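Engineer: Chains as they are written, first to last, in the entry's author numbering: chain B, 37 to 391; chain A, 36 to 391.
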Amino acid sequence: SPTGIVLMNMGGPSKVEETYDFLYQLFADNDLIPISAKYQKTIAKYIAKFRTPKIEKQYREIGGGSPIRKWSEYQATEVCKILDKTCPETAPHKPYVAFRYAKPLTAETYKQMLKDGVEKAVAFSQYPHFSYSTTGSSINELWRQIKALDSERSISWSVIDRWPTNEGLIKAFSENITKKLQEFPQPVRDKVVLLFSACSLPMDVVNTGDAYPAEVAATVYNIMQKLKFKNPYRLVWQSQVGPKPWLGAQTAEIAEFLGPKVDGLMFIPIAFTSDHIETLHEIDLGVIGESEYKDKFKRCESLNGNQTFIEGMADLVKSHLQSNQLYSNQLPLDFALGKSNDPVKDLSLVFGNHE
Amino acid sequence: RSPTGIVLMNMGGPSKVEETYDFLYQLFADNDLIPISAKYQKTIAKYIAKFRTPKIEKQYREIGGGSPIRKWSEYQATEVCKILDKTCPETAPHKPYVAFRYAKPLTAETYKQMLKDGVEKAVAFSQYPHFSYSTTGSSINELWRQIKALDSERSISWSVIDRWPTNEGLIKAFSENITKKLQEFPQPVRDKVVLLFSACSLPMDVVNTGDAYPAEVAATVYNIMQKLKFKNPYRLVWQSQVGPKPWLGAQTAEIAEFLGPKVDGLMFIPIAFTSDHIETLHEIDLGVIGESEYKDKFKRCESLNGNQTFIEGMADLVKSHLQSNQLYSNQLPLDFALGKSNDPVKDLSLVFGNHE
Ligand SMILES: C[C@H](CCC(=O)O)[C@H]1CC[C@H]2[C@@H]3[C@H](O)C[C@@H]4C[C@H](O)CC[C@]4(C)[C@H]3C[C@H](O)[C@]12C
Ligand SMILES: C[C@H](CCC(=O)O)[C@H]1CC[C@H]2[C@@H]3[C@H](O)C[C@@H]4C[C@H](O)CC[C@]4(C)[C@H]3C[C@H](O)[C@]12C
């Protein structure tokens with residue numbers, strides 16, 4: 037009886053070649069992308085090819101790959117290597133990764149787990165901050181992928197659906213921020229403004245009651261507490277695209293408006309745990325590199341393989357499994373408020389034993 | 036001994052219905068709050084306040100004859116100053132003042148009282164635990180103007196407590212009231228009651244300036260939910276939205292009606308102010324709750340008001356501020372860099388500190 041530890045997120049293409057199919061999946065989405073009716077399938081192809089050149093340039097501009105997959109797997113591995121030493125009752129812990137839109141997709145990793153012999157599996161959403169658009173979709177696909185590949189409930193699932201202030205996280209973001217603050221002249225240090233940048237969200241998700249904005253803010257404040265508020269800081273938002281209004285102080289505009297007003301400025305990837313397109317591209321090449329004030333624009337190191345961070349992830353799964361609950365008590369609220377053309381309508385059915 | 040001045044500050048409300056017109060004119064004249072026109076803001080304010088005064092006036096008669104803000108402010112100042120007198124003998128006697136941005140006594144009024152009383156050291160104590168430029172930033176700008184206008188000698192040395200989202204007593208007091216209000220729900224349904232932390236909302240173009248408010252409210256929310264051990268589901272929501280512009284949501288009213296038939300109970304927690312006011316006694320008590328069909332599984336958490344744990348926590352907040360010689364937090368220069376104002380402070384180190 038081995039235990040599946042499944043790191044989940046929306047993923048990125050490990051290689052430039054995987055960009056079309058990645059995009060197709062995203063635009064084929066039920067929930068998020070505006071549904072014609074049945075016709076995502078069709079029209080999603082008609083936009084993936086349209087947008088595949090531009091996003092391909094980008095991934096090539098950072099080394100021809102999204103680092104999400106390697107970093108997901110690597111994390112999932114050291115987690116289980118501590119897990120198998122820390123929770124014997126649960127061992128063996130077999131690491132897995134399953135992305136909502138990149139490879140390996142949810143179906144592709146479910147069948148691997150089924151041939152592999154896992155009996156209970158932990159859907160460990162790699163987002164410390166639940167949003168229905170992220171950790172909701174990843175769950176709602178898992179349900180579809182449970183009714184298909186497993187209509188007689190061989191694998192018993194739970195889900196770590198958020199962890200905004202796990203202390204390995206909070207602590208790893210400090211130290212990192214402090215050590216990235218030491219790259220600054222030193223008479224400036226304490227006046228560098230820590231700009232915490234989270235991927236944004238349409239206002240129409242925000243206005244449903246989504247948990248994501250406040251849960252990000254909880255992580256920021258906890259960091260600044262351990263930093264004893266040495267520095268100024270603001271939580272701002274990046275990655276706005278499309279025509280509808282999105283959330284709150286666009287990261288790029290704030291840095292411009294501040295550039296000629298500040299001795300310096302640090303960017304913090306507050307809402308993801310490894311480098312990906314948002315860090316290596318949008319900030320490094322896009323917000324920092326295309327800027328006059330680039331010499332005072334520095335970015336804090338992403339979490340990735342941070343020893344302190346991975347151990348904090350370890351104790352999180354450790355304490356999730358040993359306290360034997362299937363999901364946080366926010367999750368029924370999350371799904372009652374979220375909007376989706378095909379939703380989990382009972383998380384009791386989805387997680388736990390049902391053979 | 037000379038007294039050191041402890042000045043609770045917030046927008047205020049009209050103590051009596053006859054102050055409604057003055058209060059509304061003050062509010063609609065404040066271009067930091069509702070930007071209409073560089074030049075004619077104060078004539079236009081005159082009109083709007085003539086127009087909307089009888090509607091607001093009836094609303095206050097419906098909750099009992101006026102805003103209890105002033106009463107609770109002055110009561111908190113007094114109870115806090117009397118803790119400081121035992122706590123901070125070095126700056127005793129502590130003399131309590133209140134100064135409201137639009138109500139009476141206004142900040143000009145309260146300043147003049149302070150000069151006359153001989154105060155030489157004063158703390159602008161913003162009663163908002165969550166800084167917003169349109170409340171605390173605007174209030175700081177008002178104080179600068181009264182600095183120049185009434186006190187060019189710089190008789191008064193000012194500091195400001197410009198925020199305090201996770202003061203311990205405030206967290207605790209909220210947790211005690213939430214737990215206490217939850218006793219009024221049966222028990223098999225208690226852990227299912229949804230705690231809706233309801234904060235007054237922001238126009239999105241204010242949010243989009245990088246205003247500090249929404250994220251700081253969320254810090255209080257999460258800290259409270261930590262003290263409660265996440266026993267209940269909770270969401271942070273926003274009320275008091277008006278009119279055409281997109282505001283921050285979700286909206287308290289529409290979230291409660293959507294959730295109504297799906298929930299065992301809703302609790303509304305007045306997370307962003309410290310006493311009863313129109314928001315709680317009218318908009319929540321009478322509107323979202325009084326007029327709902329699920330109104331018997333709807334309850335509001337008691338405001339902090341005179342809560343001792345909250346008052347003791349405010350006392351420590353001031354005591355810690357005095358014994359620190361911080362004129363203001365490390366956030367304030369950033370607040371002012373991003374805030375939008377036609378008459379901003381510009382140079383907070385001239386505003387606060389000795390310049391006698
Ligand atoms: C005359 C002045 C514009 C002069 C100018 O700068 O060109 C205009 C600008 C906005 C106007 C005001 C606003 O429209 C609000 C009020 C509207 C009422 O019709 C009369 C008084 C009232 C207060 C107006 C008086 C006058 O029409 C104002 C004051
Ligand atoms: C008086 C005016 C319109 C009243 C009416 O509909 O008749 C209303 C519309 C928006 C209101 C404001 C916003 O709702 C937000 C703030 C909420 C605070 O509780 C009081 C001041 C506060 C700044 C409000 C004061 C005032 O009553 C306003 C300005």
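Ideal Cβ positions, reconstructed from N, Cα and C, are used throughout, including at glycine.
#1: Quick check on DSSP: helix, strand or coil for residue 213 (chain B)?
#2: Hey, is residue 257 (chain B)'s beta-carbon within less than 7 angstroms of any beta-carbon in chain A?
#3: What number of angstroms, rounded off, separates the C-alpha of residue 369 (chain B) from the C-alpha of residue 172 (chain B)?
#4: Taking 6 angstroms as the line, does the beta carbon of residue 83 (chain A) fall inside it for any heavy atom of ligand 1?
#5: Which runs of the beta strand (DSSP E), 3 residues or longer, sit entirely within the segment 295-335 of chain B?
#6: Is residue 238 (chain B) close to chain A, meaning its C-beta is less than 7 angstroms from at least one C-beta of that chain?
#7: Identify, in the order they occur along the chain, each residue of the same chain with its Cβ nearer than 7 angstroms to the Cβ of residue 294 (chain A), setting aside the five sequence neighbours on each side.
#8: For a minimum of 3 consecutive residues, which ranges assigned as the beta strand (DSSP E) are wholly contained in the segment 155-240 of chain A?
#9: Checking contacts by CB at 7 angstroms: is residue 365 (chain B) closer than that to chain A?
#10: Flag residue 79 (chain A) as yes when its Cβ comes closer than 6 angstroms to any non-hydrogen atom of ligand 1, and as no otherwise.
#11: Roughly how many whole angstroms lie between the Cα atoms of residue 178 (chain B) and residue 351 (chain B)?
#12: Would you say residue 48 (chain A) and residue 102 (chain A) are within 7 angstroms of each other, going by their C-beta atoms?
#13: Does the CB of residue 303 (chain B) have a neighbour CB from chain A at under 7 angstroms?
#14: Is the Cβ-Cβ distance between residue 208 (chain A) and residue 344 (chain A) less than 7 angstroms?
#15: Name, please, each residue of chain A whose Cβ falls closer than 9 angstroms to the Cβ of residue 265 (chain B).
#16: Return the residue from the list B:216, B:275, B:140 that minimises the CA-CA distance to residue 338 (chain B).
#17: What three-state label does DSSP hand residue 387 (chain B) in the structure shown?
#18: Can you have a look at residue 360 (chain B) and say buried or exposed, based on whether 16 or more other CB atoms are within 10 angstroms of its CB?
#19: Check residue 96 (chain B) in the structure and name its three-state DSSP category.
#20: Along chain B, which residues have their Cβ under 9 angstroms away from the Cβ of residue 297 (chain A)?
#21: When the Cβ atoms of the segment 109-128 of chain B are set against those of the segment 210-225 of chain B, are three or more pairs found closer than 8 angstroms?
#22: For residue 40 (chain A), report the span of its beta strand (DSSP E) as first-last.
#23: Any idea which residues DSSP pairs residue 379 (chain A) with across the strands?
#24: What residue range is occupied by the uninterrupted beta strand (DSSP E) comprising residue 252 (chain A)?
#25: Spell out the partners DSSP gives residue 282 (chain A) in its beta bridges.
#26: Let me check one thing: in DSSP terms, what residues is residue 132 (chain B) bridge-paired to?
#27: Quick one: list the residues of chain B neighbouring residue 271 (chain A), beta-carbon separation under 7 angstroms, in chain order.
#28: Just checking, does the segment 310-330 of chain B make contact with the segment 240-250 of chain B on the three C-beta pairs under 8 angstroms criterion?
#29: To the nearest angstrom, how far is it from the Cα of residue 362 (chain A) to the Cα of residue 195 (chain A)?
#30: So, residue 158 (chain B) versus residue 95 (chain B), is the Cβ gap smaller than 7 angstroms?
#31: Strictly below 7 angstroms CB to CB, what residues from chain B border residue 243 (chain A)?
#32: In whole angstroms, give me the CA-to-CA distance for residue 199 (chain B) and residue 36 (chain A).
#33: So, using beta-carbon positions, are residue 104 (chain B) and residue 312 (chain B) closer together than 7 angstroms?
#34: Under a Cβ-count criterion, where at least 16 other Cβ atoms within 10 Å of its own Cβ denotes burial, should residue 223 (chain B) be classed as buried or exposed?
#35: Using the Cα positions of residue 260 (chain B) and residue 182 (chain A), report the straight-line distance between them to the nearest angstrom.
#36: Need the endpoints of the beta strand (DSSP E) that residue 272 (chain A) sits in, please.
Structural biologist: In this structure, then:
#1: Indexing the first sequence from 1 puts residue 213 (chain B) at position 177. Three-state result, residue 213 (chain B): helix.
#2: On the first sequence, residue 257 (chain B) is found 221 positions in, with the first residue counted as 1. Interface residue, yes.
#3: Position 333 of the first sequence, counting from 1, holds the residue named residue 369 (chain B). Position 136 of the first sequence, counting from 1, holds the residue named residue 172 (chain B). Computed Cα separation, rounded: 12 angstroms.
#4: Working through the second sequence from its first residue, we reach residue 83 (chain A) at position 48. Not under cutoff, so the answer is no.
#5: 301-305, 333-335
#6: Against the first sequence, residue 238 (chain B) aligns to sequence position 202. No, its Cβ sits nowhere closer than 7 angstroms to a Cβ of chain A.
#7: Counting from one through the second sequence, the residue named residue 294 (chain A) turns up at place 259. 229, 301, listed in sequence order.
#8: 156-161, 192-196, 229-235
#9: Residue numbering aside, residue 365 (chain B) sits at position 329 when the first sequence is read from its first letter. Interface residue, yes.
#10: Walking along the second sequence from the start, residue 79 (chain A) turns up at place 44. Yes; taking the cut-off as 6 angstroms, the Cβ of residue 79 (chain A) has a heavy atom of ligand 1 nearer than that.
#11: As a working mapping, residue 178 (chain B) is identified with position 142 in the first sequence. As a working mapping, residue 351 (chain B) is identified with position 315 in the first sequence. The alpha-carbon atoms of residue 178 (chain B) and residue 351 (chain B) are separated by roughly 24 angstroms.
#12: Locating residue 48 (chain A) in the second sequence gives position 13, where the first residue counts as 1. Locating residue 102 (chain A) in the second sequence gives position 67, where the first residue counts as 1. For residue 48 (chain A) and residue 102 (chain A), yes; Cβs fall inside 7 angstroms.
#13: Looking up residue 303 (chain B) in the first sequence gives position 267. For residue 303 (chain B), the answer is no, since every Cβ of chain A falls outside 7 angstroms of its Cβ.
#14: Here residue 208 (chain A) corresponds to residue number 173 of the second sequence, with the count starting at 1. Here residue 344 (chain A) corresponds to residue number 309 of the second sequence, with the count starting at 1. In this structure, residue 344 (chain A) lies closer than 7 angstroms to residue 208 (chain A) by Cβ.
#15: Taking the first sequence and counting its residues from 1, one reaches residue 265 (chain B) at position 229. Within 9 angstroms Cβ-Cβ: 364, 365, 366.
#16: For the purposes of this step, residue 338 (chain B) is taken as residue 302 along the first sequence, with counting starting at 1. Nearest of B:216, B:275, B:140 to residue 338 (chain B), Cα basis: B:216.
#17: For this step, residue 387 (chain B) is matched to residue 351 along the first sequence. Of the three classes helix, strand and coil, the one that applies to residue 387 (chain B) here is coil, per DSSP.
#18: Within the first sequence, residue 360 (chain B) is the residue found at index 324, counting from 1. It counts as exposed.
#19: As a first step, residue 96 (chain B) is located in the first sequence; it is residue number 60 there, counting from the start. Correct three-state label for residue 96 (chain B): helix.
#20: Taking the second sequence and counting its residues from 1, the one referred to as residue 297 (chain A) is at position 262. In chain order: 372.
#21: no
#22: Translated into the one-based positions of the second sequence, residue 40 (chain A) becomes position 5. Element bounds for residue 40 (chain A): 39-45.
#23: In the second sequence, the residue the question calls residue 379 (chain A) occupies position 344. Per DSSP, none; premise fails for residue 379 (chain A).
#24: Against the second sequence, residue 252 (chain A) aligns to sequence position 217. No beta strand (DSSP E) holds residue 252 (chain A); the alpha helix (DSSP H) holding it covers 248-262.
#25: Here residue 282 (chain A) refers to the residue found at position 247 of the second sequence. The partner list for residue 282 (chain A) (beta bridge, DSSP) reads A:238.
#26: As a position in the first sequence, residue 132 (chain B) is number 96, starting the count at 1. Bridge partners of residue 132 (chain B): B:42.
#27: For this step, residue 271 (chain A) is matched to residue 236 along the second sequence. 250, listed in chain order.
#28: no
#29: Here residue 362 (chain A) refers to the residue found at position 327 of the second sequence. Here residue 195 (chain A) refers to the residue found at position 160 of the second sequence. Looking at the two C-alpha atoms, the distance is approximately 6 angstroms.
#30: Numbered from its first residue, the first sequence carries residue 158 (chain B) at position 122. Numbered from its first residue, the first sequence carries residue 95 (chain B) at position 59. No.
#31: Your numbering for residue 243 (chain A) matches position 208 in the second sequence. Those are 284, 285, listed as they occur along chain B.
#32: Counting from one through the first sequence, the residue named residue 199 (chain B) turns up at place 163. Counting from one through the second sequence, the residue named residue 36 (chain A) turns up at place 1. Each residue's alpha carbon lies about 53 angstroms from the other.
#33: For the purposes of this step, residue 104 (chain B) is taken as residue 68 along the first sequence, with counting starting at 1. For the purposes of this step, residue 312 (chain B) is taken as residue 276 along the first sequence, with counting starting at 1. Their beta carbons are under 7 angstroms apart, which means residue 104 (chain B) touches residue 312 (chain B) by this criterion.
#34: Stepping through the first sequence from its first residue, residue 223 (chain B) is reached at position 187. The residue is exposed, with fewer than 16 neighbouring Cβ atoms inside 10 Å.
#35: On the first sequence, position 224 is the one that residue 260 (chain B) refers to. On the second sequence, position 147 is the one that residue 182 (chain A) refers to. Taking the straight line from one Cα to the other gives about 33 angstroms.
#36: Here residue 272 (chain A) is taken as the residue at index 237 of the second sequence, counted from 1. First-last of the beta strand (DSSP E) with residue 272 (chain A): 269-274.
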